[PDB]
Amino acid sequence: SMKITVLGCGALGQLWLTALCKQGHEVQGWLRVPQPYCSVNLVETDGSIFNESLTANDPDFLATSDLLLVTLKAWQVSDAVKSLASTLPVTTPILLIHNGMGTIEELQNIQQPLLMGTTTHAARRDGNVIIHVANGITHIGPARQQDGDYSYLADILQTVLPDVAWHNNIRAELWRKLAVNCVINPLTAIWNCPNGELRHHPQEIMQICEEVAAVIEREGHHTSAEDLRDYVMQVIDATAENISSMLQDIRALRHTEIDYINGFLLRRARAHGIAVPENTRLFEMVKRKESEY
């Protein structure tokens, strides 16, 4: 029924391409370097394997797509989206799913309906396959004031890769994800540790949460440092044995998403005159680790 272009055919993109294929939707990948085909290779939670070769980089397929689904790293997002937006119909919604925040600020002139999403699914590259590590929920809603009700997408996507929840205002959700990510990613990348080690660092966590709560406050959302801290510990307790995405990036010598996590927090703090010494130091530490490669 649906025709979807997936931009960013990595771990997340392949997860969605597989799911969308199993429900009989028409899909293609959009790759950085144009190629004969997009190969999709996915090991599901049980152990089953999906192997397909799909259309890639077809501009006509793009011009007649019902949705652009974007599953790029946050620093890759807005240049890639801008370059596809003049071919995609002015009416086709663009759904951004990434960690961090700050991309919407880079996409103010997009004429398409723009949607933002967070997900707790986990998918990992293991050599040449993607492994679906965990199931989860994807929260989606409008990116901007002008973007309307595309809740119909949530219904459709619930039948593809549950669970999916639509929110008329997604901001609170982005901030709560940003808060946990400001804690776990830089600290794990710095200490080279599994998430669960952070349970030994309650003072540092709480210091970061106080800074985040102060900014979220000024951005017009009711929270407290204690509430954010409680949520960080839930996430830590749930993921105790995991290697965070930022630590995985570090270990693998890839560029990190720091500019859209703590980096974005710093941008919002500075815009309001909120001193965030601890987030600043974590940001500098991650940037430094990256300069060693």
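Residue indices: 1-based, along the sequence shown.
*Asks:* Between 33-41 and 225-233, which has the higher average C-alpha B-factor in the PDB entry?
*Replies:* Going by the record's values, the stretch with the higher mean is 33-41.
*Asks:* With reference to the PDB entry, specify whether the mean Cα temperature factor is higher for 143-151 or for 117-125.
*Replies:* Averaging CA B-factors over each stretch, the winner is 143-151.
*Asks:* Comparing recorded Cα B-factors across 273, 277, 24, 13, which one is largest?
*Replies:* When the deposited C-alpha B-factors of 273, 277, 24, 13 are compared, 24 is largest.
*Asks:* So among 204, 105, 173, 163, who wins on Cα B-factor in the entry?
*Replies:* By C-alpha B-factor in the record, 105 ranks first.
*Asks:* Can you work out whether the C-alpha temperature factor of residue 7 puts it in the lowest, middle or highest third of the chain?
*Replies:* Answer is lowest: the recorded C-alpha B-factor places it there.
*Asks:* Should residue 194 be placed in the lowest, middle or highest third of its chain by the C-alpha B factor in the entry?
*Replies:* Highest third.
*Asks:* Lowest, middle or highest third of the chain for the C-alpha temperature factor of residue 132?
*Replies:* For residue 132, the deposited C-alpha B-factor lands in the middle third.
*Asks:* Per the entry's values, where does residue 246 land by CA temperature factor relative to the rest of its chain, in the lowest, middle or highest third?
*Replies:* It belongs to the middle third of the chain when residues are ordered by C-alpha B-factor.
*Asks:* What third of the chain, by the recorded C-alpha B-factor, contains residue 264?
*Replies:* Its C-alpha B-factor, which the entry lists for residue 264, ranks in the lowest third among residues of this chain.
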